[PDB]
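The chain below stands alone, shown as structure tokens; this is the form deposited without the partner chain.
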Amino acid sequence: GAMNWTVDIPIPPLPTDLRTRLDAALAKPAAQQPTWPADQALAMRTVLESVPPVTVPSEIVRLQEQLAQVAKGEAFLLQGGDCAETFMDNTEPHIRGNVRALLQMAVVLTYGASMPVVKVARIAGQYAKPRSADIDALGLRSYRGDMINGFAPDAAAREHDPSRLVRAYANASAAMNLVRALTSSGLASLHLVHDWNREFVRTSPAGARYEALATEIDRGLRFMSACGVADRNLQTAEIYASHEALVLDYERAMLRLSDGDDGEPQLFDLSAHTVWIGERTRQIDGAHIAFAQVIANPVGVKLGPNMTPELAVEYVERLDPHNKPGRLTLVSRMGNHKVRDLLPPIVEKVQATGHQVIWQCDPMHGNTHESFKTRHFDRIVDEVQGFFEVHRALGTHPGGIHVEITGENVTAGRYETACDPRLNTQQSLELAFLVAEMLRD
């Protein structure tokens, strides 16, 4: 035990069809991958290839059904969590933080939309982010998430390390065990959760505003206890896991094949329930999009300001070839100032295809004035506002949102994140309220 734990490499074949496809996909050019040696990556993949999965097909299929309801406009999608999971914060309080944070948004939003909210946390493997420049502001190789290199500002720590593939799984599966433990404990009781909201509402300086709704919601709660409905849901509370499918070494290693009680056998990425593809890795003929086609998980794709209705439709037809509403989620990150002019044309040409995607709003990644990397709240709310305004007009469904938040209240002073200043626990709850009023009108 020389300052670090030592795991040892492990000394049933794929259907020919899925082997060929998976191999054809990975053969394609891949953006933003790590630059460590394949000989070593091969070893880590081997270790990983027969570890216990983070999630299981049955849950992924159940997600797929819930997502449909969302896609069909009878439910709502709340995806949110850390901007970037760090191995260092992979702790019980942190994980309990983001869950408490995510659930508090769910009750409010659920009462807002007057329909079920699907809860997808950014968690259990959000360990790898993409970057534009390979060298960063200090003259070092960019930090690309704990799965690839280290935050520490020195070249040594920034050297891409294959070991971090395994270390990433260890942490992910351990975080995922707690989230299972938490959601199925009383941590997820509907009213133990709304106590917190009424707490926030008294202590918040900017609580006056929500005093209103937060009361109305408590009456909706106490009312359903009145009509004789015991927590005995009620449905047991479900938080699904997700992260950007970036590191294809990692993502492939965690592929597992289904048995055969759901049509035919097929590949499932069991590093999470749902995964999406980023703006900087969505090349239409790319390996990421190809990989998206091969797995049976629900998949989202980010859509930036240079997105064209034509292209958007190409994604919808490759990623959802069988027309299964909810399989595909089109995540919009335009930026408040553009989102109203850019989105509507994209939405018409898409709806026209007959396919039913989930229109999720990403109000984060769009808006950044760079004060550190500052993001003004009003700008975030504004984008989700416009995002609704677009769907209302065209008569489609504003499917859900994608927020980057945390449990520890962050701002100089409090800059704790290993990436970007986002919304703090407070702001995100406060955003949940504002967005709840948008669902009302």
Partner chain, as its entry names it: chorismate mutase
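Positions refer to the first chain, counted from 1.
A second form of this protein, the form solved in complex with the partner chain, is not displayed here; the remarks below concern that form.
Exercise. Is the partner chain in the bound PDB entry near all of 293, 302 and 394, within 4.5 Å of a heavy atom of each?
Worked result: Zero of three within 4.5 Å in the bound PDB entry.
Exercise. Which one, 206, 155, 135, 284, lies within 4.5 Å of the partner chain in the bound PDB entry by heavy atoms?
Worked result: Looking at 206, 155, 135, 284 one by one, just 206 meets the 4.5 Å heavy-atom criterion.
For this session: Consider residue 211 of the chain shown here, and say whether it contacts the partner chain in the bound PDB entry, taking contact as heavy atoms within 4.5 Å.
Result: Judged by the heavy-atom cut-off of 4.5 Å, residue 211 is in contact with the partner chain in the bound PDB entry.
For this session: State yes or no: in the bound PDB entry, is some non-hydrogen atom of residue 336 no more than 4.5 angstroms from a non-hydrogen atom of the partner chain?
Result: Yes, residue 336 is a contact residue.
Exercise. Using 4.5 Å between non-hydrogen atoms, is residue 385 touching the partner chain in the bound PDB entry?
Worked result: Residue-level check for residue 385: yes, a contact with the partner chain.
For this session: Check each residue of 163-184 against the partner chain in the bound PDB entry and list those with a heavy atom within 4.5 Å, in sequence order.
Result: The stretch 163-184, when checked against the partner chain in the bound PDB entry, contributes no residue at the 4.5 Å heavy-atom cut-off.
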